[PDB]
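Data first, discussion second: the structure below is written as structure tokens.
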Amino acid sequence: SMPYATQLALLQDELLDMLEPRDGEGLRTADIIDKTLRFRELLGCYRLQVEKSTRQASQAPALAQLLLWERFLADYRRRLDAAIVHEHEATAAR
Amino acid sequence: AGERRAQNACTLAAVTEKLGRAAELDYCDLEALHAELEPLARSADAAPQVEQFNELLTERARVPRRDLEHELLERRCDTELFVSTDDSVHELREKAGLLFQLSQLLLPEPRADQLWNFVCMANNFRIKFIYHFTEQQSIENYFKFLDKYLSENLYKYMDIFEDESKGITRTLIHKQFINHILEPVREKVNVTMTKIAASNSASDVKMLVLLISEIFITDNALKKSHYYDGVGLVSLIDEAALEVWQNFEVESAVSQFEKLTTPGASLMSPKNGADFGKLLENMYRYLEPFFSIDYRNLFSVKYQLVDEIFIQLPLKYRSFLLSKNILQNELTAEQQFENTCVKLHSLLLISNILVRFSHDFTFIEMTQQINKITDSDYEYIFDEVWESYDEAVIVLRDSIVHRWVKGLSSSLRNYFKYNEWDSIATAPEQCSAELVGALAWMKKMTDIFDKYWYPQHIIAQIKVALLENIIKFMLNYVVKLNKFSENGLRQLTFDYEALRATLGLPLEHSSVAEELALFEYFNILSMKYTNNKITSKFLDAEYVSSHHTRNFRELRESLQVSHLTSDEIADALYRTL
């Protein structure tokens, strides 16, 4: 919704669901790339929000969620590229 | 070592004696000879024996070739007049089976054009093709003809010549029937091709380029429309013809690029960034078929095309920007600011373009081809561009903030000169008359910045950096240099919220620590006007000294001041007096 951490929370689920479409029409790869771009942007926003909460700790859960989300995006690109390859291999041997 | 030559040429001289008896030699004997001669092949001592054995196989295959080709043509097996049935197909499969068995006995391995069964299967097409056709549009028409024939005959001929018992698989028939049907097209095309590759005229060199490009296109369509995982017409392209095509394509791309990096003295515009982006997309649309074709002796140029176009050109473009323009010394301050905004926009736009390229399938594949041949552990080929772009983005972002803040320091000079904050007539209804100019300027500035697209987090970064610089300006140049009325302070708070308002900050969210501190300092400042019991105690100059070393254990809990430092709380309290 409004908060960055819940936007990222939902967008992670969405991005994971795109990998297994119950559709028939395969991957919506352009929408997936658009989502990962938005995920990166929102990540940066959450990072800035956490950073700018103490001037120049009890902000540990936010840092943990941030780290695990950055690791998620990094692995998700590998998962996506794999799925993209698999989807064209499958639609050549049919 | 010589004990294996006078002994080797003994079996090798008995092979020639059994070969000298061509008749009264059944297929079994041909296998026995293959068994003996096979090891000694390529020796070059047994080369004569090979040459004889192969030309014997060929003579043993000449008659079933004429028969299979006659039967295929005289029964019209590739038209609607023929159906595949246990009776009308029986003899065809015998003649083709024997031809295949004979071809597999060739030493050391049969040539591509020696698979006699497939040559016969393709003969009908060869005659139809040569009859109907006696450049790019020609090659396209050849594909149209080839495709129609393949469509209505490929799976039919697979149903006809399937023979698991003799090794003729369905996968093999699918590959080879297409390959051999393709051979008369290779020969026809490669005549006009070698006819052009023997000229240095520009008209020629371009006609050769277009020819090669059309070959790539048709090979691609063949792989897609009929699921063909064999060689197309790419076999015709020699390394000398590729070098020509590759250089023509890189030259075309650089020529377009250089017409965009021509330094005008006018303020930079987004269009140039979008046009370079379109250049990269168009050049990728053109190079897509070539990239998708899987020939190993092609990788050498595919990497060359990837680097020189999709790495080098983006890097050079970054340096197109960030570049000393003595022609741009006549720019306004607000013009230099917008010029930088546009630069950062363009750069990040090309970045996302490359991000999209990095997930298209052809790139993923030839990225692994590169990670395998060069043994370089690249995640994406664009890592070297992104990491080089991420630097320039910071330099640009910092430049925007600095140039913006420098201007704000300038427009607040009037508002800075005002010193009557201790004698305020009434409560605030509008903004301080000397701040109106700055507020207007700051709105003009955020509107200029907002003209263009940036990633959400980079927007937040720049605008927060300015909220902080606004706070520092208000605190050091105004607050920490005056003492305030009841409504003087209310007026200042108004002024601050007006300046924060002009940034159009992504709001309804949380607040920065620096702003929380700002309003805590205001909150303390505001005890000068409420005569509470627990406020006369705190607003004592001696309470400040006597409690400063406790970090104001009392005051912190009483007033929820949790972002100010000891010295800061002290200065606020002292400022109330």
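Labeling convention for the structure tokens: chains A, B, ... as they appear, residues from 1 per chain, ligands from 1 in order of appearance.
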Distance-based interface of chain B with chain A, 10 Å, counting only C-alpha atoms, as a PyMOL selection string: chain B and resi 223-224+227-229+352+355-356+358-362+364-365+379+454-461+464-465+507-517+563-564
Long-range neighbours of region 400-417 of chain B as a PyMOL selection string, 6 Å cut-off, only C-alpha atoms, 5 positions minimum in chain: chain B and resi 434-435+438
All helix (DSSP H, G or I) residues (DSSP, backbone) inside region 16-73 of chain B, as a ChimeraX atom specification: /B:16-19,27-37,47-73
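Between CA of residue 103 (chain B) and CA of residue 146 (chain B) lies a distance of 26.0 Å.
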Contacts of residue 109 (chain B) within 10 Å, only C-alpha atoms, excl. fewer than 5 positions in-chain, as a ChimeraX atom specification: /B:38,41,103-104,114
Residue neighbourhood residue 271 (chain B), 12 Å, only C-alpha atoms, exclusion window fewer than 4 positions, as a list in words: residues 260, 267, 275, 276, 277, 278, 342, 343, 345, 346, 349 and 452 of chain B
Surrounding residues of residue 118 (chain B) excluding itself and chain neighbours under 5 positions, 8 Å, only C-alpha atoms, as a ChimeraX atom specification: /B:173,176-177,180
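Reported to one decimal place, the separation of CA of residue 14 (chain B) from CA of residue 108 (chain B) is 19.0 Å.
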Write out as an mmCIF file with N, CA and C atoms, in the first residue's frame each polymer residue whose atoms come within 10 Å of residue 258 (chain B), counting only C-alpha atoms; drop sequence neighbours fewer than 3 positions from it.
```cif
data_model
loop_
_atom_site.group_PDB
_atom_site.id
_atom_site.type_symbol
_atom_site.label_atom_id
_atom_site.label_comp_id
_atom_site.auth_asym_id
_atom_site.auth_seq_id
_atom_site.Cartn_x
_atom_site.Cartn_y
_atom_site.Cartn_z
ATOM 1 N N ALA B 253 26.420 1.851 -37.010
ATOM 2 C CA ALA B 253 26.027 2.212 -35.652
ATOM 3 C C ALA B 253 26.840 3.399 -35.159
ATOM 4 N N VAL B 254 28.146 3.400 -35.427
ATOM 5 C CA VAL B 254 28.989 4.497 -34.971
ATOM 6 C C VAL B 254 28.630 5.774 -35.720
ATOM 7 N N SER B 255 28.352 5.672 -37.024
ATOM 8 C CA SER B 255 27.940 6.840 -37.796
ATOM 9 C C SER B 255 26.707 7.487 -37.178
ATOM 10 N N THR B 261 26.467 12.738 -30.689
ATOM 11 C CA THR B 261 27.500 13.222 -29.787
ATOM 12 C C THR B 261 28.159 14.483 -30.328
ATOM 13 N N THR B 262 27.610 15.051 -31.396
ATOM 14 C CA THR B 262 28.071 16.338 -31.898
ATOM 15 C C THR B 262 27.712 17.443 -30.916
ATOM 16 N N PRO B 263 28.698 18.106 -30.316
ATOM 17 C CA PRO B 263 28.423 19.044 -29.222
ATOM 18 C C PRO B 263 27.812 20.372 -29.641
ATOM 19 N N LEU B 313 29.694 1.812 -27.055
ATOM 20 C CA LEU B 313 28.859 2.985 -27.308
ATOM 21 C C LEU B 313 28.171 3.533 -26.058
ATOM 22 N N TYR B 317 29.002 7.181 -24.593
ATOM 23 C CA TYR B 317 27.893 8.114 -24.438
ATOM 24 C C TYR B 317 27.942 8.743 -23.056
ATOM 25 N N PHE B 320 30.120 11.315 -23.335
ATOM 26 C CA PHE B 320 29.617 12.381 -24.193
ATOM 27 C C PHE B 320 29.105 13.479 -23.290
#
```
